[PDB]
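Computed from heavy atoms alone, side chains included, the values below leave out hydrogens, waters and symmetry copies. Chain letters run A, B, ... following the sequence lines, proteins first and then strands; every chain starts at 1. Atoms within a ligand are numbered from 1 in the order they appear, just like the ligands themselves.
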Amino acid sequence: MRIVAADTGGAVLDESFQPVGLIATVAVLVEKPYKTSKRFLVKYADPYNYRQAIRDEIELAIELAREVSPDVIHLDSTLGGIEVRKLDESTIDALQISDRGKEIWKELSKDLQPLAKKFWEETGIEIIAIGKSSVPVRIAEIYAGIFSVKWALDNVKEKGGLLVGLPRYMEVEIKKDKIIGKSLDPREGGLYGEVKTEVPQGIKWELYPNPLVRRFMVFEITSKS
Amino acid sequence: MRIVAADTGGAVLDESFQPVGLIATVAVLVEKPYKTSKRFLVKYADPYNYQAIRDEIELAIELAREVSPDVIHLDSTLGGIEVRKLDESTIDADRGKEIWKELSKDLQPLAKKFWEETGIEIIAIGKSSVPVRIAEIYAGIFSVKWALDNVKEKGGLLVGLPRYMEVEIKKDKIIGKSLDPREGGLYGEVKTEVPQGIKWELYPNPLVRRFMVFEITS
Amino acid sequence: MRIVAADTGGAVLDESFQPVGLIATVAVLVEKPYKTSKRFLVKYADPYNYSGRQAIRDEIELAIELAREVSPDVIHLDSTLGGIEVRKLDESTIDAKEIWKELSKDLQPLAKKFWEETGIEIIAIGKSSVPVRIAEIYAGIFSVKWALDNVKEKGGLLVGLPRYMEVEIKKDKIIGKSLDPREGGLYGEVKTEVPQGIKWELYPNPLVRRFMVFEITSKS
Ligand SMILES: [Mg+2]
Ligand SMILES: [Mg+2]
Ligand SMILES: [Mg+2]
């Protein structure tokens, strides 16, 4: 099975760990053995001017899918595997979720449903709201963490610093020519990602637990002085 | 403490990872340090034609008549109440209360007799029990053994393992381990014939996070 | 950020893994990089004489005591309530339960007085807090130190550890680590004299998945 998935992750935090805005939306193509992705796209938001996220996700997943022709698209909404092209107010009412959840997806339907309908009509490919059950979604999330770190390394102010809140229980490792992202949960079976980049000089970095949010890590960049 | 527990796990999957039916029910004897089992029984189902709790309680009782444990752990998370005490009244203390109210007809007296016979309680503990989890891991292990023994006649097989466990295939045995270090190093080991001219692989079920797939081909 | 947290943990188990009483209440000071604590306080309870109201009472005073020494930015209390400030804990905001209305009459004045002196909030954050988890691990460690220090001659002792943590015995030390790598490598360290004439082992509580047991047995 060949799967395209998307997710949004990585947040700029202030020095007191308060979220400021999200950084990266990533679409991935995942194939057997379903541990990583070698083909992916990134879209960067502006964290300092921050759901537009799920709109960027479905749009980016569709763009990648048009290139690689997967069997299915996985969307990060935990709905049971229902097709997005079939998401109307009635089918949402039949979903076992919160009333605000239903309210939220009724609003989103207006933008997502027509998009998935048109893509399906063109390809026969379904976009499914599978959410947290999906490994490709988790891999997308992992890549969003890596790309958020890459973004921070590329944009950190001279003599300045930057805190990036990573997606849940993942770590990044810095190499001279790339960033490696890995789930910290061995139960996931070894999910990981790698992205090439140039690591700049004059800065230090540190990965540590977000003291306010258990199982979430922070990647902090500080300037050398 | 010496414990017999039972569970059912391992599933045949189609090529699109959709489950077809369960494979193995396993009863285990577990003693200190409660990380593995050395004495165990297995009962296979017909996955292509798939109540597990009935086979679980029987296979547990069966092993118990051979090793005489202090207690039996049944896979039903009820906080530890004795099964022989499970009658419609005691049950009432929601869809679940309804289903347990059906099972209790055959199970309650079955455990009553056993307790009178042996002085051994059958407690409904489920998710809290380490022995139950050890039984589950072995069910995974035997599901792989089942797969090894059926692949030649089937050509290719996808086995869905129980949650977050891996298997490793060595010279004369299958080793299974929990992937969750929080469980404290739970593992199992089963000696078996490894047929030749096969290739196998372990990888994430892309549709079910934290579940692994054991794939074997000829 | 500098945070003082507290929690109670470590249990005495009987032969059949049944909890008897809790052992240690620990306040910890946690700073960057938020993996451990190098300054901490402990109060031992009497496990054989132990509802759970005393623990959070002992927790808040130990935290305040520690806070007066190290002056943190905030205090974390083990109670998951989204992070409400304890000094603002009365009927109207609690109602937004019957337990806390009993607790508030003691805790709220403590928090109010402390905030008045320092401006430091005591927040009911609970499980979201890393420093609370670090306090919990230290409770596990001090519980082992307690067991080592108090095991009878030719007697034994079962210590029920807090959730998914391990302890390692070293020559002059007890080390505690979380068994969940998702937490990012949280650990603790406590200096102590390890008694002779005793053996130990660490193994899964068979009745409580993901909880470990640390057992002391006397050599013969
Ligand atoms: Mg998402
Ligand atoms: Mg079961
Ligand atoms: Mg507590």
Side-chain angles (χ1 to χ4, degrees), chain A residues 5-11 22 24-27 51-58 60-61 74-79 108 129-134 136-145 167-168, chain B residues 5-11 22 24-28 51-57 59-60 73-77 124-129 131-140 162-163, chain C residues 5-11 22-27 45 51-60 62-63 76-80 124-127 129 131-140 162-163:
Chain A
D7 204 354
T8 298
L22 295 187
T25 294
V26 173
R51 201 205 247 261
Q52 174 68 23
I54 194 124
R55 290 199 234 281
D56 290 331
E57 286 159 23
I58 191 180
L60 202 60
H74 283 186
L75 206 63
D76 184 34
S77 167
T78 308
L79 256 41
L108 292 179
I130 181 170
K132 303 309 172 190
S133 180
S134 166
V137 168
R138 175 56 170 165
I139 290 173
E141 184 176 44
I142 285 176
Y143 266 96
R168 76 189 65 241
Chain B
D7 209 353
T8 306
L22 297 182
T25 297
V26 164
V28 289
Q51 100 102 10
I53 211 178
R54 314 261 183 185
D55 301 333
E56 284 162 23
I57 199 176
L59 201 58
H73 285 187
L74 218 281
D75 183 35
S76 179
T77 315
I125 184 177
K127 258 184 286 297
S128 248
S129 163
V132 161
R133 173 64 172 160
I134 290 175
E136 197 179 37
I137 288 162
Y138 268 96
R163 74 188 75 242
Chain C
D7 199 9
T8 307
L22 267 42
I23 299 177
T25 295
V26 174
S51 73
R53 76 91 30 100
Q54 187 56 38
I56 201 168
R57 291 203 317 164
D58 283 333
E59 281 167 11
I60 192 167
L62 208 55
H76 284 184
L77 209 58
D78 188 27
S79 170
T80 303
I125 172 169
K127 296 311 192 299
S129 173
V132 165
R133 173 62 172 161
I134 292 170
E136 185 177 52
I137 293 171
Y138 268 95
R163 82 187 62 247

Quick one: closest heavy-atom pair of A/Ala61 and A/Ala6, and the distance?
CB-CB, 4.0 Å
For atom CZ of B/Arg163, decide whether the heavy atoms of other residues, nucleotides or ligands shown that lie under 6.0 angstrom number more than 12.
no
Answer yes or no for A/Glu57: is there an N/O/S atom below the 2.8 Å cut-off from the Mg ion (ligand 1)?
no
Looking only at heavy atoms, which two atoms of A/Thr25 and A/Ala53 are closest? And how far apart?
OG1-O, 4.4 Å
Salt-bridged, B/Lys127 to B/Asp75, with N to O below 4.0 Å?
no
For A/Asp76, what is the atom name of its N, O or S atom nearest to the Mg ion (ligand 1)?
OD2
Give the name of the N/O/S atom in C/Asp7 that lies closest to the Mg ion (ligand 3).
OD1
Indicate if the distance from the Mg ion (ligand 1) to the nearest N, O or S atom of A/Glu141 falls below 2.8 Å.
no
